[PDB]
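Notes to accompany the following structure.
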Amino acid sequence: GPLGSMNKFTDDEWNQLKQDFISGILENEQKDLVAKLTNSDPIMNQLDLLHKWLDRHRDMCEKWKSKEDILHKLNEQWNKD
Numbered sequence: 001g002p003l004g005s006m007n008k009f010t011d012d013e014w015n016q017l018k019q020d021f022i023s024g025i026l027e028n029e030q031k032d033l034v035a036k037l038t039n040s041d042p043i044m045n046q047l048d049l050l051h052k053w054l055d056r057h058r059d060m061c062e063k064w065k066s067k068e069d070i071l072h073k074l075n076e077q078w079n080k081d
């Protein structure tokens with residue numbers, strides 16, 4: 001029937017988004033947090049955990065559709081989580 005308000009991101013678009021998020025984490029000094037989260041790993045960025053986390057809150061992207069702003073929210077959540 002009529003097009004839904006879904007308009008979710010595709011795996012291809014999502015993967016691209018993953019890189020941006022990962023880049024944002026290494027771009028910010030906060031990258032230090034990811035290194036410690038892994039116990040002592042480089043820019044692992046936690047592809048494994050990050051991917052699962054992102055997917056679980058992928059819907060969060062719909063709460064702005066922006067890029068830099070989203071990173072800001074994730075930063076505060078990363079800090080507490």
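Note that the deposited numbering numbers the sequence shown so that position 68 is 68, with each residue one more than the last.
Don't be surprised by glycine CBs; every beta carbon is placed ideally from N, CA and C.
### Message
Taking the straight line between their C-alpha atoms, what separation do you get for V34 and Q19?
### Response
So the alpha carbons of these two residues sit roughly 15 Å apart.
#### Entry: Secondary structure of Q46, DSSP reduced to three states
Residue state for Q46 is assigned as coil, using DSSP reduced to three classes.
#### Entry: Pairwise C-alpha distance: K36 and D55
22 Å
### Message
Output needed for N45: all residues of its chain with C-beta closer than 6 Å, excluding positions within five of it in sequence on either side, in chain order.
### Response
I22, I25, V34
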